[PDB]
């Protein structure tokens, strides 16, 4: 059910954000092994997050819950942006482009931080 799905979703976002912060700490220290591991952990979690968000959006539409549909639409649009910067960042990390990678990590984290209040609103709205 929707609250069931949201209950699963609620805990994913902060685990993802913790990994991005861990990736930036590792990168700034030169620990390139660990950055790669973290990026690989993030691929699987971020895929789960997006699958769950899309599932919640579809269920909120089925229920005719206008304001959850709108909040989930914002969430999905922001996640799609992070997804593209993530793809860009892995490509930059593999190319050895430190300027591109550091810039994208910073931007990704800034986007992720902004999702926590939106998840809070989604909880109220469902």
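Numbering follows the first chain given and starts at 1.
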Completion exercise
Going by the entry, of stretches 117-125 and 3-11 the one with greater average Cα B-factor is 3-11
Practice task
Give the stretch, out of 81-89 and 28-36, with the larger mean C-alpha temperature factor in the deposited entry.
Solution key: 28-36
Problem - Residue, from 63, 95, 76, 68, that the PDB entry assigns the highest Cα B-factor - result: 63
Exercise for the section: Could you tell me which third, lowest, middle or highest, the C-alpha B-factor of residue 108 occupies within its chain? Expected result: lowest
